[PDB]
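Structure first, then comments.
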RNA sequence: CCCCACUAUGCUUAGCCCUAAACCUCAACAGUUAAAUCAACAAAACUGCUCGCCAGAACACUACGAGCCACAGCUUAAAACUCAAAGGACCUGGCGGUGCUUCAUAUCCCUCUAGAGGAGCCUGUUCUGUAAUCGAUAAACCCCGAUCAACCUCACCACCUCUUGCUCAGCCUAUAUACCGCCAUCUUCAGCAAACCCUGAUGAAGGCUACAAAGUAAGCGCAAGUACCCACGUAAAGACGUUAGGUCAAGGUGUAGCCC
Ligand code: FES
Ligand SMILES: [K+]
Ligand SMILES: [K+]
Ligand SMILES: [K+]
Ligand SMILES: [K+]
Ligand SMILES: [K+]
Ligand SMILES: [K+]
Ligand SMILES: [Mg+2]
Ligand SMILES: [Mg+2]
Ligand SMILES: [Mg+2]
Ligand SMILES: [Mg+2]
Ligand SMILES: [Mg+2]
Ligand SMILES: [Mg+2]
Ligand SMILES: [Mg+2]
Ligand SMILES: [Mg+2]
Ligand SMILES: [Mg+2]
Ligand SMILES: [Mg+2]
Ligand SMILES: [Mg+2]
Ligand SMILES: [Mg+2]
Ligand SMILES: [Mg+2]
Ligand SMILES: [Mg+2]
Ligand SMILES: [Mg+2]
Ligand SMILES: [Mg+2]
Ligand SMILES: [Mg+2]
Ligand SMILES: [Mg+2]
Ligand SMILES: [Mg+2]
Ligand SMILES: [Mg+2]
Ligand SMILES: [Mg+2]
Ligand SMILES: [Mg+2]
Ligand SMILES: [Mg+2]
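Protein chains in written order, with the numbering used here: chain A, 1 to 215; chain B, 216 to 323; chain C, 324 to 394; chain D, 395 to 562; chain E, 563 to 746; chain F, 747 to 881.
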């Protein structure tokens, strides 16, 4: 009862058969989630659309992922991944930002319990690749405690609304290193031209930052 | 491409946009030369009422007359707009019903 | 892969070679006329040079050669 | 993703992080560095990381690079007076090279603060004009003043349509 | 591997061609494309093994002198017998002598195949004369004996574009104890 | 309600997370034992990858100094007609007896190789060992 | 296309011409095998760096210009009109003047026996004819609906007559491509299949090995059982699906049409 089910795709698949010619079947993709981090998806196939609905939703609850959420409202860090030809770039966002994402990602995020996130889907917009690509990326996000344990350092959050106050979000459970993390004068991290073009204001699009209903 | 190649070639140049049959204008005035019907390309079947007009630019063109029933005749004045008739190959102009000598379609 | 794109190119080249074959005598008369105009256009470009420089005739001993003839 | 290694270098944020603003005397800066050798590593990183920042802050200073012309790397500055400043950079890190030339030929933080203040005098708050040059376009935007007729109509007595009608 | 596929998942499985396996094999099982290749290769080995035994003088001096040549060798997939076609000579009487020597030798040949233990589990070897010259041998034998007597445009919609109202019916409308004796 | 995503984490991580989310009402019987006495490596699915280029397995061949003596003894004298008894954990072959004498004489200060090998054969013959040279 | 003869040509020398599916269909150099192995197939997946090149299809290995020992040539290479696709890989089906293998038991060929095909007659159909039904109509129609037409049957034609009409009317009027009902057909088959489970990255798809390697399967059919003289044989039975197969004229009936 704690889980809600959402449909992501309903397709009519047509199979050519040796004796009966073209037959019509239904392939359905549905996602399930309880709104508290536990969510999954499953494909359903049947001749009837309502039998497919039963199969997918019942199967989905046996293949649940657990998704880590920062402060139970957003992701822990920016996630950029490709699944086959579908690229998904997700950005950690503060409270009140809402879900400004592909409509399917919005639906999936409500099942997981993510309230604030930006996502951009490029390349092939294949619902299945998008769904399993999204769950693969959300299931491999490192939390702040995992980062602290891995590096044996404090994770300190600086918020502009709180000024210079250092907020320790995670501390290592084991011993605490004494040697500061090396300060590379210039990081060799790969950047997204879309993010840089935006930060500089060179990104002008009539479709970006449009007024939309609360999501 | 490499950064050196992107620098050497410069920013992309858009193809100059192609003016349509109205020559980048919302409407054109025309003089009716002849009226006739055209057969739509398959699978469509109809006798679509069209006309040949001399546009104010001087070029002659075939224009579709929308609506059920028209009274256009040679030497009459019509206003033509853009928009292709999807099933009539080559017909890219449409007569404006209710302007100059082309009146509104008579009800039922 | 299929050869359907090659087949389109194949027919285009066959019909072109056949078209050139049928009209090779007209095309030869047209080509001759173009080379004459090309030579005249070349002679004018050289005449423009000495005339715009203040000379009234071609430099002493200068004869414009025929640079487009088969010879 | 952005092409090349260290794509951060090709961002306006990175290029504006240079702290070396040369004095007006500096006209030309030549960089002689070596492609190989452990002792010229700072000079290679200086050319790789900092020459773009120096040029961004000093667009009118000519910067010319020379590879493997001499056994050791060095910087040479040409001043408008005709003086030349040779800076040996062999064995120095790129951060020390930037700190060195800032000390000997860079404007101090005080000299730069003053210039920023003189620029603020150019945009006077009391001036009215286009939003490009002025905070406000018209006095009607000031609360308490007679608002714009486009937003609030004026009394018939303050309108010329009716002043002449009564007078005429 | 080659254009000929050799990625078999059960590649390491021990090939066991024995008469007993066929009786415990599932006839429901459908032979793989490469299952024939294992049989075809074994048949090639049986050809090489018999062909080599034939040309060595020591195994049987009678066999070597005959200079027998094998046309083909196809083991039965049943595994009951190893068919061993032997080319038939034109000489009519020589086809009987060769055949007789082969039948006697065949019994000893099977034991000699156990010497090459890899081919140890060989079924009874059977020799077949090539009928190309042998069938004619039977006829000509009868032919001489025989007595010849005293000589002297409706539009077809796309199936994928076919419209359905299943959702419109779904979205339009949510579809729509005590027992006692002598009750009054 | 559970998870059959065997390639997503481990049975422990999947179970621990679903217990926190309230999806699993009770912990499985094994969960507390795993927590107290966990394996050395958390059992996470991995796809074995093939090595390419200059990547090589770290496994090293196991060799001993006496292996040089064993190689020469087998070359010179062959394998002993005496049969190895690999069931007896204290079995000593003729080669091992040769190696032990060879090691004893080396510790007495002799350092030459060709000389240290000939004296060893004589010692064993004196002790009654049969050493038939292969060639 | 097959056969024969013979030339340019294939060879040499000296000049040209400068093209190829000139293709490992993999640009040069350097580096990596850890990450996610990875749309697919090809050829395991990538990083650095540089040059070249590409930006829907077709027009187009074309037009024009220019260059060239090229003159029916090569190189470079557009536009107008037109379209909503073009295209790549893969799967399924259909098909192949498609391969191999083993088969059909009154069975595809030969073999066995009696026939049909020729004659007369009987009967059905076609065609023609007639003012004068309909349906079936390749296998799977053609002594078929009919275990049956001189009247009747009868639904057809001509003429005459009746109008709330044997009926709380009637219609053998249209539609078997709206159907129930009852059937043909492969079937002289053995398969269909709900509900689950697993593989392919959770792609369209796929799921068997008995010394077994991912399938378990209710139900239906076959089978069993029963009928006839046995347990044999013959009947009966024979699923799902195939042919929008047959039948609105058995009867019933949806829709449309007729009601002096
Ligand atoms: S803008 Fe100030 S009065 Fe209108
Ligand atoms: K090739
Ligand atoms: K096929
Ligand atoms: K007959
Ligand atoms: K029926
Ligand atoms: K009926
Ligand atoms: K009816
Ligand atoms: Mg329109
Ligand atoms: Mg063409
Ligand atoms: Mg010749
Ligand atoms: Mg020669
Ligand atoms: Mg070649
Ligand atoms: Mg190159
Ligand atoms: Mg194009
Ligand atoms: Mg060409
Ligand atoms: Mg050309
Ligand atoms: Mg030309
Ligand atoms: Mg007859
Ligand atoms: Mg009839
Ligand atoms: Mg009929
Ligand atoms: Mg019919
Ligand atoms: Mg039929
Ligand atoms: Mg009658
Ligand atoms: Mg009658
Ligand atoms: Mg009637
Ligand atoms: Mg039917
Ligand atoms: Mg029976
Ligand atoms: Mg029967
Ligand atoms: Mg039965
Ligand atoms: Mg029909």
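The beta-carbon is built from N, C-alpha and C at its ideal position, and this holds for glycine as well.
(request) Reducing DSSP to helix, strand and coil, say where residue 133(A) ends up. (result) helix
(request) Grab me the residues of residue 265(A)'s own chain with a C-beta within less than 6 Å of its C-beta, minus the 5 sequence neighbours each way, in chain order. (result) Residue 265(A) lies beyond the stretch modelled for chain A, which goes from 1 to 215, so this question has no answer here.
(request) Rank 854(F), 777(F), 760(F), 775(F) by C-alpha distance to the C-alpha of residue 769(F) and give the top, closest one. (result) 760(F)
(message) Let's test the definition: count the other Cβ atoms within 10 Å of the Cβ of residue 732(E) and tell me whether it reaches 16, buried, or not, exposed.
(response) exposed
(request) Have a look at 723(E), 729(E), 650(E) and flag the residue whose alpha-carbon is nearest the alpha-carbon of residue 692(E). (result) 650(E)
(message) Is residue 433(D) close to chain A? Criterion is C-beta to C-beta, closer than 9 Å.
(response) no
(request) Flag residue 405(D) as yes if its beta-carbon sits less than 9 Å from any beta-carbon of chain A, otherwise no. (result) yes
(request) Measuring only between beta-carbons, confirm whether residue 34(A) sits less than 9 Å from chain E. (result) no
(request) Note down, in chain order, every chain D residue with its Cβ under 9 Å from the Cβ of residue 199(A). (result) 405, 406, 407
(message) Less than 9 Å between the C-beta atoms of residue 248(B) and residue 266(B), yes or no?
(response) yes
(message) Can you list, in chain order, the residues of its chain with a C-beta nearer than 8 Å to that of residue 828(F)? Leave out the 5 residues immediately preceding and following it.
(response) 839, 840
(message) Against residue 187(A), what residues of chain D qualify as contacts under a CB-to-CB distance less than 7 Å, listed in chain order?
(response) 402
(request) Please go through the segment 437-482 of chain D and give each complete alpha helix (DSSP H) segment of 4 or more residues, from N-terminal end onward. (result) 445-451
(request) Measure from the C-beta of residue 121(A) to each C-beta in chain D and report whether the shortest distance is under 9 Å. (result) no
(message) Give me the DSSP bridge partner(s) of residue 55(A).
(response) According to DSSP, which records beta bridges pairwise, residue 55(A) is partnered with nothing at all.
(message) Closest to residue 234(A) by C-alpha separation, out of 33(A), 82(A), 130(A), 47(A), would be which residue?
(response) Residue 234(A) is absent from the model: chain A starts at 1 and stops at 215.
(message) Considering Cα atoms alone, identify which of 434(D), 426(D), 436(D), 446(D) is closest to residue 407(D).
(response) 446(D)
(message) I'd like the span of the alpha helix (DSSP H) that includes residue 276(B), first residue to last.
(response) First-last for residue 276(B): 275-279, but that is the beta strand (DSSP E), not the alpha helix (DSSP H).
(request) Count the other CB atoms, across all protein chains shown, that sit within 10 Å of the CB of residue 556(D); report buried if there are 16 or more and exposed otherwise. (result) exposed
(message) Does chain A have any CB closer than 9 Å to the CB of residue 716(E)?
(response) no
(request) Please compile the residues from chain E whose C-beta is within a distance smaller than 7 Å of the C-beta of residue 53(A). (result) Near residue 53(A) there are no residues of chain E at all, since even the closest Cβ is about 10 Å away, more than 7 Å.
(message) Given this structure, state the Cα-to-Cα distance separating residue 22(A) from residue 230(B), to the nearest angstrom.
(response) 45 Å
(message) Any beta carbon from chain F within less than 9 Å of residue 66(A)'s own beta carbon?
(response) yes
(request) Would you check if the segment 527-537 of chain D and the segment 442-458 of chain D touch, i.e. whether three or more CB-CB distances between them fall below 8 Å? (result) no
(message) According to DSSP, simplified to helix, strand and coil, what is residue 668(E)?
(response) helix
(message) Classify residue 706(E): buried if its beta carbon has 16 or more other beta carbons within 10 angstroms, exposed otherwise.
(response) exposed
(message) Using beta carbons (cut-off 9 Å, strictly below), is residue 12(A) in contact with chain E?
(response) yes
(request) Please state if the CB of residue 69(A) and the CB of residue 113(A) are separated by a distance shorter than 9 Å. (result) yes
(message) Please state whether the Cβ-Cβ distance between residue 282(B) and residue 241(B) is less than 9 Å.
(response) no
(request) State yes or no: is the C-beta of residue 818(F) within less than 9 Å of the C-beta of residue 863(F)? (result) yes
(request) Give the DSSP-derived three-state secondary structure of residue 300(B) in the structure shown. (result) coil
(request) Grab me the residues of residue 382(B)'s own chain with a C-beta within less than 7 Å of its C-beta, minus the 5 sequence neighbours each way, in chain order. (result) This structure does not reach residue 382(B), given that chain B is present from 216 up to 323, and the question cannot be answered.
(request) Starting from the beta carbon of residue 192(A), find every residue of chain D whose beta carbon is closer than 8 Å, and list them in chain order. (result) 395, 396
(request) Give me the Cα-Cα distance between residue 440(D) and residue 488(D), rounded to the nearest whole angstrom. (result) 5 Å
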